[PDB]
Protein chains: 2
Amino acid sequence: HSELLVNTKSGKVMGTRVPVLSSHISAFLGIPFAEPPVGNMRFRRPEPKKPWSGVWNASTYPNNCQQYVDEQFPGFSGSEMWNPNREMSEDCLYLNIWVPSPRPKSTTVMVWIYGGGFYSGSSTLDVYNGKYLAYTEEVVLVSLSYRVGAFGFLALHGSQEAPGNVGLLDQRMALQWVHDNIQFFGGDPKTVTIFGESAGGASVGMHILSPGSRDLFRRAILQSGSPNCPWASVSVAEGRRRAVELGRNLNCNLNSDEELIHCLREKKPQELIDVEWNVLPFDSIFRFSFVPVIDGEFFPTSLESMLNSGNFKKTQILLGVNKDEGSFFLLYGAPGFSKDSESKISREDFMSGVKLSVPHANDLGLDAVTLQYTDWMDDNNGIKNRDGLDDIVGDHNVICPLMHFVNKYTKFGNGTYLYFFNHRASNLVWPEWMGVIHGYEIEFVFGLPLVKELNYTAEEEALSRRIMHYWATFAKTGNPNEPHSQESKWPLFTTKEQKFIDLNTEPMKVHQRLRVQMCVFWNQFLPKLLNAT
Amino acid sequence: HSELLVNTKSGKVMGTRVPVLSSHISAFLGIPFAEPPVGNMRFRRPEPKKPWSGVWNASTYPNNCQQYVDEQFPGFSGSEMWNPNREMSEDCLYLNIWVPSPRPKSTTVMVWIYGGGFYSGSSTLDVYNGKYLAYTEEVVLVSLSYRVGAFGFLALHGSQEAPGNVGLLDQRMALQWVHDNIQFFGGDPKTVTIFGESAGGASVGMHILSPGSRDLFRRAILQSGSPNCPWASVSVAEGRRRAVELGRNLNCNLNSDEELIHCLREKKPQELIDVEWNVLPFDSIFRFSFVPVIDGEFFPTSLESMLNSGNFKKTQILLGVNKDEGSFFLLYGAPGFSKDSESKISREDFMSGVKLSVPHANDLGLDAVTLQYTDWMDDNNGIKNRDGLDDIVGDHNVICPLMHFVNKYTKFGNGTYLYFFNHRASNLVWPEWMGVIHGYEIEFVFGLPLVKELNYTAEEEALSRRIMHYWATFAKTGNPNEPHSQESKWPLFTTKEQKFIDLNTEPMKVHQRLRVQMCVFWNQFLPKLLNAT
Ligand SMILES: C=CC[N+](C)(C)c1ccc(CCC(=O)CCc2ccc([N+](C)(C)CC=C)cc2)cc1
Ligand SMILES: C=CC[N+](C)(C)c1ccc(CCC(=O)CCc2ccc([N+](C)(C)CC=C)cc2)cc1
Ligand SMILES: *[C@@H]1O[C@H](CO)[C@@H](O)[C@H](O)[C@H]1NC(C)=O
Ligand SMILES: *[C@@H]1O[C@H](CO)[C@@H](O)[C@H](O)[C@H]1NC(C)=O
Ligand SMILES: *[C@@H]1O[C@H](CO)[C@@H](O)[C@H](O)[C@H]1NC(C)=O
Ligand SMILES: *[C@@H]1O[C@H](CO)[C@@H](O)[C@H](O)[C@H]1NC(C)=O
Ligand SMILES: *[C@H]1O[C@H](CO)[C@@H](O)[C@H](O)[C@H]1NC(C)=O
Ligand SMILES: *[C@H]1O[C@H](CO)[C@@H](O)[C@H](O)[C@H]1NC(C)=O
């Protein structure tokens, strides 16, 4: 059809129409936005995609970037729904677009940036299927791809052959192409919102911060992730260490910075993936090997200064956090946590647990941390030690850093909306001790509760639409709230009162100062203590 | 009468009979136990009292030792009930005895050691009147006197003319005389219990610790005071500093340690009392100038070691703490507290408050302290900042140190009973924000609620007898509980469960781990933090 044929400045693109609920919308899958980072392009900045001729078959899904595959619970849906579902390849720099039907004139664009510790990811996962959101909200949804792991973050600072943040650029480039072409799919370029979760949420905030990205989007949404998370960046120095340490495992020639790169450039992708985790510098839960580097090019200065002087894009943002963030990481990395078990923790594994969580802390620091989360009226409670550990991981790595980002931001920002998601899906396949898990508000945002066959309750399908509207309304207004709607208002977050809201099946309530006592400890006390040592 | 004539190894003593409630008991007032520490005896160890001839008129009260007089609220009963009520004099080394009638055969003896920061005190105060306890419980009650302030604690370590702890000896000496003569008043020497409150409670524990005192008594009771309180001792060094600094204010000749003493020996007592507080080394609430010194003679080693190795008298003890300990000190020394006022505290006086309370703490330490007692969900609450400050003073100076003493003690002790007093007298004249004040369980122990004219409620008179029995039964059993009585039992404190009880007008409840979270901070964390700095 004509609906299915579009002309972009890059070339002509033929999509496909796909069913969605009762109607039918059109989708363009796997349009390339950069020259494939294969060969000796490996490790280098993305290169714009030389226009093609003839029509491109954007009817099928693209390959997924090389990465670590979670084989911890083979067959378990809970775990595999995040594993790549398409042939992996180094040629994976494509993007996907879900367009309403009929094609809009020019409407709100939403760009999804997936994330998984910067070592995994994938735009093709079924949980990230645009059709429900695109259709239910009349919106042009586009999800992009980017290089994860060593392929996108290995950083030998001085070299032009392997500077870091490279995978952060694949992002910008996709962001560039969208800006330059989304108008042909009926999307309004002056109104694109980029929203990502976890490492994606941190990436979103890193583009709000970075000069070269700043101009390419309108607003932002960060879900369980701010750019200043302890796990989201490293010095060009640490980056270099891990760069060579990787070479060292792969029997590379660590003599010349040029040779190191050559060697790493000749290894089968999966060989790099095999030793990927052997470079971490300490035993710890929630830290990844290849991550963004604070280089001075993508980031002018340390993130703290930028945050501090207002050196960032000032627009309006909507961000949030989930009830049980740390849950997922403990299960995968702490001793004592088991999937098929209640997982009560000994006061002896709780100690081991704590060490893994604050790996950069000395004794005194660890005590502080314990004195903090330990209940002493009953200090050997299996559950209390388990749940208390979940809070340590969560607060330290996701909540508290975001709260910091939120305060320093709203001091210059043009609007700040904050949610606290805490509804546990009726059909979650993970065990209860895990609660409202990390990354599990995603399925609600993308509207899966809307399909019968996934057995979601009725008030859950209600909440999904409630979320999906907040999210889309914000995206094209800079406010979640309906201009007049007879509903309760999602109040703006102020440094005065600082209200936020509960996202769940029952009637919204607004609260104040989310985890303030616990976060002053993380954001102020602990740091000052480890500093004096 | 004959009842009123007693023959002690020191000489003959003629007492007086005094009315008590419905009956009449006999009392021997102001019997000397040492040669008056006047002249150049000033500062020196006590000297045994050379036997006199003829009969001694123990019918009237003795003089009170020289000391600072609280003139803060002239006329206010609340404050003056503690001020000396008899002519002060350097000749004040006497003791008093309330004996039942008829004279017992040989019954339980109870020795009261008063206390007031080691700078004030007095055995003659009406709140320390033995008759009610002596009579209601059939017990020989004796209260002693001892040298306070510089007169009893000035310590120039090397010198024999002014070693410290001197006032601690006046105590031992009284304790000696009781042991050697109480049998003639019908008291059983093999069963004397020494009980004191505040500085008196700390003194009691210092005799449990000291070798030379150990043998002179049976059991002990400490009320709001352990011997290891931060305010109860100093190094021979600090003692010496304050010794000379005192001389310095009084224009003494700080040249020779012998001359310093001579000078101080020629000043009118009250002149020493005038500059007494100018020697403290820092602005702070709850610290006194002349206090026991850890010399190596009275105390073999640091109290911590002694506590640690079991180097102490192992008998059974009964100790306790009051609900609002810090209350009284803030009122008198912190900025923002007023007697005739509600006393809500600014987040700005609260900071000043905290500094005064932990005077030996650096920044980091102060933050720790604040991070600890501050409520951040509402961090500028007048009441919360006021009450939170009361807990800091209390925990740090009375509760937590006692809990430490209690744990290390019961690990070798032959019985440990712990109470938590929290009843606010119906007729207290102090303001409510003060709550269950420091030193206000005394009037209950000494049975004042038993006299009508003092307008105490009926359940209060009930509680006073309840206390007075616990106290006396313990004193001659080593257990508060009645051999069979159909009442709830005051459980023993174990390092396992560690139960204690509530003392108040309603039915006793037993609880566990008194202020454990707050005390681990004081007893373990804070110390380790200020240590690493
Ligand atoms: C769950 C949310 C879904 N989304 C948001 C996409 C998501 C978010 C975040 C992550 C990263 C998970 C981890 O890095 C911790 C778990 C982990 C720990 C250790 C290890 N090995 C040491 C390599 C093997 C040990 C078994 C592997 C994984 C993935 C997916
Ligand atoms: C109340 C309980 C009764 N008993 C147990 C007998 C008792 C217990 C404890 C004390 C000591 C009280 C103080 O040391 C703090 C109050 C204080 C602070 C500062 C000052 N100046 C600086 C010298 C003058 C300032 C105004 C004087 C007193 C007394 C009596
Ligand atoms: C947001 O920006 C607009 C336009 O610059 C301004 O009128 C408004 O007051 C700002 N509001 C906030 C949230 O600061
Ligand atoms: C109920 O929903 C689950 C979750 O998607 C689905 O896998 C299942 O097939 C449905 N019914 C069954 C067979 O339990
Ligand atoms: C107290 O001492 C007695 C006699 O030495 C002993 O029989 C008893 O077991 C001890 N009890 C405690 C409280 O340790
Ligand atoms: C009530 O008791 C108080 C407290 O001792 C006493 O001073 C007073 O005289 C009694 N009655 C009066 C006059 O208020
Ligand atoms: C081209 O795309 C794929 C080839 O893999 C396939 O669906 C079909 O042959 C073409 N698409 C359509 C529907 O024209
Ligand atoms: C001796 O003691 C005092 C003297 O101050 C006085 O009560 C009386 O004269 C004598 N005591 C008695 C009652 O014999």
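First residue shown is number 1, and so on along the chain.
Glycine residues also receive a Cβ, built from the backbone N, Cα and C atoms like all the rest.
The active site, acyl-ester intermediate annotation in Swiss-Prot covers A:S198. Counting every protein chain shown, 26 other Cβ atoms lie within 10 Å of the Cβ of A:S198 (active site, acyl-ester intermediate). In the three-state DSSP assignment, the secondary structure recorded for A:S198 (active site, acyl-ester intermediate) is coil.
Non-local contacts of A:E325 (active site, charge relay system) by the CB criterion (under 8 A, 6+ apart in sequence, same chain) comprise A:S224, A:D390, A:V393, A:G394, A:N397, A:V398, A:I399, A:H438. Annotation comment: Swiss-Prot describes A:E325 (among others) as active site, charge relay system.
The active site, charge relay system annotation in Swiss-Prot covers A:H438 (among others). There are 25 other CB atoms within 10 A of the CB of A:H438 (active site, charge relay system), with all protein chains counted.
Feature annotation from Swiss-Prot assigns disulfide bond to A:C65-A:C92 (among others). Long-range C-beta contacts of A:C65 (disulfide bond), restricted to its own chain and to partners at least six residues apart, with a cutoff below 8 Å, comprise A:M88, A:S89, A:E90, A:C92, A:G121, A:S122, A:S145, A:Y146, A:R147, A:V148, A:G149, A:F151, A:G152.
Marked as disulfide bond by Swiss-Prot: A:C252-A:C263 (among others). There are 19 other CB atoms within 10 A of the CB of A:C252 (disulfide bond), with all protein chains counted.
The annotation disulfide bond is assigned in Swiss-Prot to A:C400-A:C519 (among others). Taken residue by residue with DSSP, A:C519 (disulfide bond) is part of a helix.
Taken from Swiss-Prot, the feature N-linked glycosylation site applies to A:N57 (among others), supported by experimental evidence. Around A:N57 (N-linked glycosylation site), a 10 Å sphere centred on its CB holds 12 further CB atoms from the protein chains shown.
If you look up Swiss-Prot, you'll see A:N414 (among others) marked as N-linked glycosylation site, on the strength of experimental evidence. Neighbour list (A:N414 (N-linked glycosylation site), Cβ cut-off 8 Å, at least 6 residues apart, same chain): A:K314, A:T315, A:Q316, A:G478.
In this structure, A:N455 (N-linked glycosylation site) belongs to neither helix nor strand by DSSP; it is coil. According to Swiss-Prot, the feature N-linked glycosylation site maps to A:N455 (among others), an assignment based on experimental evidence.
The 10 Å shell around the Cβ of A:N531 (N-linked glycosylation site) contains 8 further Cβ atoms across the protein chains shown. Sequence annotations record features per position, and here Swiss-Prot assigns N-linked glycosylation site to A:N531 (among others) based on experimental evidence.
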Q | Position of peak Cβ density within 10 Å, selected from the disulfide-bonded residues A:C263, A:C400, A:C519 | A | A:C400
Q) Among all the protein chains here, how many other CB atoms are within 10 A of the CB of A:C92 (disulfide bond)? A) 30
Q: Check the recorded positions A:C252, A:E325, A:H438 for any whose Cβ is under 6 angstroms from an atom of ligand 4, and report them in sequence order.
A: none
Q) Taking the recorded positions A:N57, A:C65, A:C92, A:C252, A:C400, A:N531, which residues show a Cβ-atom distance to ligand 7 below 6 Å? A) A:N57
Q. Do you know offhand how many angstrom separate A:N455 (N-linked glycosylation site) and A:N531 (N-linked glycosylation site) by C-alpha?
A. 51
(Q) Between A:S198 (active site, acyl-ester intermediate) and A:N531 (N-linked glycosylation site), how many Å separate their Cα atoms? (A) 28
Q: Can you grab the distance from A:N57 (N-linked glycosylation site) over to A:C263 (disulfide bond)? Cα atoms, rounded to a whole Å.
A: 36
Q | Contacting recorded positions, sequence order - A:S198, A:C252, A:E325, A:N414 vs ligand 3, Cβ under 6 Å | A | A:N414
Q) Whole-number Å distance between the CA of A:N531 (N-linked glycosylation site) and the CA of A:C263 (disulfide bond)? A) 39
Q. Taking only the recorded positions A:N57, A:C400, A:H438, which have a CB closer than 6 angstroms to any atom that belongs to ligand 1?
A. A:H438
